[PDB]
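We begin with a single chain expressed as structure tokens, specifically the form deposited in one PDB entry.
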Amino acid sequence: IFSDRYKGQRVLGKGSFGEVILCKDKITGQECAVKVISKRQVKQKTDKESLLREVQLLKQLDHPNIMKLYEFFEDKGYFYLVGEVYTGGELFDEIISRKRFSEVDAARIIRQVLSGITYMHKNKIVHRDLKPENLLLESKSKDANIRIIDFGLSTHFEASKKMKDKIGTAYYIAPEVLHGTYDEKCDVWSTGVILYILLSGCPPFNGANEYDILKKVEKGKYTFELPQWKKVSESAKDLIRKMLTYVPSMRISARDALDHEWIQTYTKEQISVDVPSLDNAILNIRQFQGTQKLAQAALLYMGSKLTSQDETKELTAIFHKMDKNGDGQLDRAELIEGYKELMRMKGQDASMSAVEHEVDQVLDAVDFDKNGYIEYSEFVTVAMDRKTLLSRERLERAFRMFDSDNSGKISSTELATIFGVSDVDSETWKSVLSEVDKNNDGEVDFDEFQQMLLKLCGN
């Protein structure tokens, strides 16, 4: 049983198929990351014979560019996958902060990805959902190793149709995955898409929304027409052509991609080639990452608002039931029990126990002196209306990051892109914008953008 060995320490974030918690071995103090997969929410593809067997194989494999899996647990409601924690964050979030970026830098990155992929394919493990989000760093530095996360998961679990879960996925998926017949070569395609983005800052198959992108992927046509491709070697372009070859049997293997002249030439420890900064690509990749992260932040903000509405209602009912006097005022002990009851009531909560500190932090705000009893109505507000901070601050941070010129505003064209990626219908967000500000002249500030998101989630 998972809880016998590990204690949750803090939430790392939401990943594919479930939340990721930083945990600690109760005996040895070893830190690890655990992915908790809800058996209710997430459908299984294969039998458990197959799932257990793949897990046992993964436990025996080791490669410096693949996330290390340590252990597997299960209960009636969840799977717990335990593995090594990496603290360097996502690759692209590191790249966007660089001032210089060359073909050499791109080559070093892609060689690591290809090395990990080659090793997993040798063991008949396919990723299928390879994308920048699945490339973590061991530290936030251009010199740190890349670790690929989520190999093998898509073989055993079905992806949700929820847009917050499938935002940003269309750019990287192989055409043959869309049509249903795929094998390990799909991972070479996704890596080719990533390389194309590193060298130009723009996806080869681009579009305003999921459908537009997938239509371009399926046709399979892409070009080096953009001006910034003049700064890129023909050798790099040749590798991209081989990796983005449409028919998978004609597409280069990960193993042979590692032997390609570009990889061999540009990953030399000693730089012997020209290294002009791909400056336009850096500007573009910042814009790309920025747009992707703001769209993700927006959907997570709307989700968290809905969740807070539900929890506000459930928490007030709980305290009302506890309030036998009917005076609306409870003490510290009662408030903690009620909050703990809420976290059980909504079964889909994080693995954490964070209530008592939360309670004391709320009480500090509501009644610093701790004279006695607390208006539980006041507590609920401060408990919920502050607990949304994580998503509210993340939304603002994503807005600021996106606004690279510090204009304080997002244009209608940018809104079209952001909402298109977010699966918000054109007429719908324009209608809401009109409701928020009649005299808007094709741009919103942060508050207006926030107001739009609230109207888009029934608030």
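For every residue, the number given is its place in the sequence shown, counted from 1. Throughout, rigid core stands for the largest set of C-alpha atoms superposing within 1.5 Å between the two forms.
Unshown form deposited in another entry; subsequent notes refer to it.
Peer 1: Quick check for you: superpose on the rigid core, then look between the shown form and the other one for a C-alpha move of 2 Å or more. Which of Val366, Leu226, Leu178, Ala208 is it?
Peer 2: Residue with a C-alpha shift of 2 Å or more: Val366.
Peer 1: Once the core is aligned, please say if the CA of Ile110 is shifted by at least 2 angstroms between the shown form and the other one.
Peer 2: Comparing forms between the shown form and the other one, the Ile110 CA shifts below 2 Å.
Peer 1: Using a rigid core alignment, state whether the CA of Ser391 is displaced by 2 Å or more between the shown form and the other one.
Peer 2: Moves: yes, 2 Å or greater.
Peer 1: Once the core is superposed between the shown form and the other one, does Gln44 show a C-alpha displacement of at least 2 Å?
Peer 2: No; that C-alpha moves by less than 2 Å between the shown form and the other one.
Peer 1: Note whether the distance between the C-alpha atoms of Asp437 and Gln287 decreases (closer) or increases (farther) in the other form, against the displayed form; the change is 3 Å or more.
Peer 2: Relative to this form, closer in the other form.
Peer 1: Work out whether the Cα atoms of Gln287 and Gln451 come closer together or move farther apart in the other form than they are in this form, the change being 3 angstroms or more.
Peer 2: Closer: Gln287 and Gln451 approach by 3 Å or more in the other form.
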